[PDB]
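Sequences listed follow chains E and G, in order. Each residue of the first sequence is one higher than the one before, starting from 3264 at the first, in the UniProt record's numbering. Each residue of the second sequence is one higher than the one before, starting from 3264 at the first, in the UniProt record's numbering.
There are 2 protein chains.
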Amino acid sequence: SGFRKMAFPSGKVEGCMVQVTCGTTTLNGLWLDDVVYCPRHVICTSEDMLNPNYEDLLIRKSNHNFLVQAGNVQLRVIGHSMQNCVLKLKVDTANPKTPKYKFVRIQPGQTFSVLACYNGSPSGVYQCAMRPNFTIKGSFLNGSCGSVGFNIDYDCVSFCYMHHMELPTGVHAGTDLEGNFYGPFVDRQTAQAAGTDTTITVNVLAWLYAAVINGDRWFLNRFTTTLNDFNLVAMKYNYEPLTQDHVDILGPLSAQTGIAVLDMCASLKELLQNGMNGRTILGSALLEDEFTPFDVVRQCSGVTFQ
Amino acid sequence: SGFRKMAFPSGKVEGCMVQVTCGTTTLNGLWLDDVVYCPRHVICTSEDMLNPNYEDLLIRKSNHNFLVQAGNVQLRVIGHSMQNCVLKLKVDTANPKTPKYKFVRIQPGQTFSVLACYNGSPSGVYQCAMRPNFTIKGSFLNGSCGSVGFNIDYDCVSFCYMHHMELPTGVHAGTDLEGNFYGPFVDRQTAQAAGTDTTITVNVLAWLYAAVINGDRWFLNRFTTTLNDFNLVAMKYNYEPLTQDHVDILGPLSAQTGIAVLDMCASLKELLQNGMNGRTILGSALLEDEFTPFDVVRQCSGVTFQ
């Protein structure tokens, strides 16, 4: 028992990481079959990032001006296609290490593991959540553009994220692996307004189920409520609106614990209004929102991979 | 920027995990060169775990009663040596996937990554700290005995932990890879008293340096103090005694921030006594103690591996 922010094993992802260079500018790429995906800002200089024209810049550029080290193995580029904000570099060799994969585009509120890389060399792995405003609150230093986010399904790697930029607010934005940004962001150096952030209510209710399962009872109440009523309280506390599709998804945990979603909302409602007052829930003194119900299910009931 | 509980890439460790079976009882092993290390409680039944005699039990047992799947590859055992609380099973094949490794024995207060496995299949990876009382507060379900903890040094994997048991208190105990338990614990089913736990002061002071680096200033104070004086306050709050060897180790962060250890203790001292009062430090409302100074240095200044 116990309960921790667990991340997926990174084995299958570490051997798709390579190093991309072009002019001075160097960052990370992802190698899968004969192709290297990377952020197209790679073609840009410090001066270019202010008001860059990708076409006019991309056109002074042909294959033999793109380095692609893969440790010490040297890939050679024969072709180069811009696809939205990613760049697809085609290469002579194909990755022996290519997992059974797929690109996907996730929704605000879902969780993935992030593999932070510098010079195509992996340095660490953490779990984080796409916030409602389409930013992530991660850990990225200068050089980390091209690091990726992923979920694992027994054998299959879903790629859901590629890191493109830090904002002036010190949060992170980026694209899917088709190159379409998450949120209203562009790959350009200017003040980009984010959006009001919100607490992910479906994930917080999952977090409280994890707590009961693990012996954390004290916050369970003798009261109760309805949906439309609870949302009202969730309005003035900047929680997201809970719906029917979230009562459905949370059903299995209701079945295990034997506590109906709405008897659980009644506990939370009380928590928003009266706070925690010197009290912890799984050694945390605020309401954790980065565990989907799917995450809690697979950590409280063990799961094979690979 | 930003700051997260980061864990080491697990690639190098996932391909040493195998599945060990013996009677009914099945758990995880670690395969390195020609040897499989595992917990010796593998030879025990549910009834045996109450008052087990390892000798008399080990002696009814020879090689051909030890299964060792490595996915679907079948290892055959030719020999079997008990070494303290681990068991060393020798096998016909040698691991092509064996990293440049070494066993070590760490100290209370140091951090490692844990790779939780079921049936020799990796399921997730988290960062945690050996507590002063030699327990870890991890995430382990039935079947997770034999999962390991590790640090990575560019190319080299240090193995520092093998999971042996959960206590009635729902915390975890286990051994080094030579088979000597951490703490006063035995591999037997009885009430085992742990010990008073303590906050790791050197790691908390590191955590506050990480915060200043990242824009978290508010808690920096106009006051100050000496060592012997601070410890006094740290007594009545169940913090560990800070020493000279901890001012030494913390020196580099003092050099970066330009805040002398003792000007930092003066901030903490105040925090213990007056609390946080509705206030967060890197989105946390209590004093985090699971980041060594070494961890903060390598997350706030990026590090290549492999």
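Cβ atoms here follow ideal geometry from the backbone N, Cα and C, with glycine treated the same way.
Within 8 Å, do at least three Cβ pairs link the stretch 3360 to 3375 of chain E to the stretch 3436 to 3447 of chain E?
Yes, they touch.
Just to make sure I have the definition right: I need the residues of chain G whose C-beta is within less than 7 Å of the C-beta of E:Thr3567. Which are they?
Those are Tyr3381, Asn3382, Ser3384 and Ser3386, listed as they occur along chain G.
Could you spell out where the alpha helix (DSSP H) holding E:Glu3318 opens and where it closes?
Residues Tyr3317 to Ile3322.
From the beta carbon of G:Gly3409, is the nearest beta carbon of chain E less than 8 Å away?
By this cut-off, G:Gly3409 is not an interface position.
Looking at chain E, which residues of the stretch 3334 to 3359 of chain G have a Cβ within less than 9 Å of any of its Cβ atoms?
Correct list: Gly3334.
What are the start and end residues of each continuous alpha helix (DSSP H) run of 4 or more residues lying completely inside the stretch 3447 to 3487 of chain G, in chain order?
Fully enclosed alpha helix (DSSP H) runs of 4 or longer: 3464 to 3476.
For chain G, check one thing: does any of its Cβ atoms lie closer than 8 Å to the Cβ of E:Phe3403?
Closer than 8 Å: yes.
When DSSP builds the beta bridges, which residues end up paired with E:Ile3415?
Answer is E:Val3420.
Spell out the partners DSSP gives E:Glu3429 in its beta bridges.
E:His3435.
Rounding to the nearest angstrom, what Cα-Cα distance links E:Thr3520 and E:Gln3562 in this structure?
Going by the C-alpha atoms only, they are around 15 Å apart.
Measure the alpha-carbon distance for G:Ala3469 versus G:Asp3450 and round it to whole angstroms.
About 35 Å.
Please list, in chain order, the chain G residues whose beta carbon lies closer than 8 Å to that of E:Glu3310.
Within 8 Å Cβ-Cβ: nothing; E:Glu3310 doesn't reach chain G, min ~23 Å.
Along the alpha helix (DSSP H) that carries G:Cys3528, what are the first and last residues, could you check?
G:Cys3528 -> alpha helix (DSSP H) spans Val3524 to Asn3537.
For E:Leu3471 versus E:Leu3490, is the C-beta distance shorter than 8 Å?
No, Cβ-Cβ distance for E:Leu3471 and E:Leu3490 is not below 8 Å.
Within 10 angstroms of its Cβ, does E:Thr3464 collect 16 or more other Cβ (buried), or is it exposed?
The residue in question, E:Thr3464, is buried, as its Cβ has 16 or more Cβ neighbours within 10 Å.
Output, in sequence order along the chain, the residues in the stretch 3547 to 3565 of chain E whose CB is closer than 9 Å to any CB in chain G.
The residues in question are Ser3547, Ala3548, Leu3549, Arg3561, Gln3562, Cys3563, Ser3564 and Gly3565.
In its own chain, which residues sit with a C-beta less than 6 Å from the C-beta of E:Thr3461, not counting the 5 before and 5 after it?
If we look at E:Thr3461 and ignore the five residues flanking it on each side, its Cβ neighbours are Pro3395, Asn3501 and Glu3503.
Say whether chain G places a C-beta atom closer than 8 Å to the C-beta of E:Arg3267.
Yes, contact with chain G.
Hey, how far is the Cα of E:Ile3399 from the Cα of E:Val3434?
Using only the alpha carbons, I get a separation of about 6 Å.
Throw me the rounded Cβ distance for the G:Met3425 and G:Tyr3300 pair, which I believe falls under 8 Å.
Their Cβ separation, rounded to whole angstroms, is 7 Å, which keeps G:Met3425 and G:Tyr3300 in contact under 8 Å.
Does the CB of E:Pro3272 have a neighbour CB from chain G at under 8 Å?
Yes, its Cβ sits closer than 8 Å to a Cβ of chain G.
Give a yes or no on whether the minimum CB-CB distance between E:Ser3517 and chain G is below 8 Å.
No, E:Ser3517 does not count as interfacial toward chain G.
Tell me, please, whether the CB atom of residue 3254 of chain E is closer than 8 Å to any CB atom in chain G?
A question about residue 3254 of chain E goes unanswered here, because the residues of chain E that appear run from 3264 up to 3569.
Between which two residues does the beta strand (DSSP E) carrying E:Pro3556 extend?
Run containing E:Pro3556: none in the beta strand (DSSP E); it sits in the alpha helix (DSSP H), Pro3556 to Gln3562.
So residue 3581 of chain E and E:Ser3530 are supposed to be a Cβ contact under 8 Å. How far apart are they, rounded?
Given a span of 3264 to 3569 for chain E in the structure shown, any question on residue 3581 of chain E remains unanswerable.
Could you give the residue range of the beta strand (DSSP E) that holds E:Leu3330?
Residues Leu3330 to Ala3333.
Under a three-way DSSP split, which group does G:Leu3545 fall into?
Correct three-state label for G:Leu3545: coil.
G:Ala3392 by DSSP, collapsed to three states: which one?
In this structure, G:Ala3392 counts as strand in the three-state DSSP scheme.
What are the residues that DSSP puts in a beta bridge with G:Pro3302?
DSSP lists G:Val3349 as partners of G:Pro3302.
Examine the ligand ADP and report whether any of its heavy atoms sits within less than 7 Å of the Cβ of G:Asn3537.
As presented, the structure is devoid of all ligands, the ligand ADP included, so that no description of it is given.
Mind pulling the chain G residues with CB within less than 9 Å of E:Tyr3389?
Here the neighbours are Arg3267, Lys3268, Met3269, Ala3270 and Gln3390.
Residues of chain E with CB under 7 Å from G:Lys3400, in chain order?
Simply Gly3265.
Between E:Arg3267 and G:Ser3402, how many whole angstroms is the CB-CB distance? I'm expecting something under 8 Å.
The pair is a contact, with the Cβ atoms about 4 Å apart (cut-off 8 Å).
Just to confirm, is the Cβ distance from E:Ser3410 to E:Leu3430 under 8 Å?
Taking 8 Å as the Cβ cut-off, E:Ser3410 and E:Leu3430 do not qualify as a contacting pair.
Inspect the beta-carbon positions of G:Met3345 and G:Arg3303 and report whether they are closer than 8 Å.
Cβ distance < 8 Å, so G:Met3345 and G:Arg3303 count as in contact.
Any beta carbon from chain G within less than 8 Å of E:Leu3378's own beta carbon?
Judged by the 8 Å Cβ criterion, E:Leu3378 is in contact with chain G.
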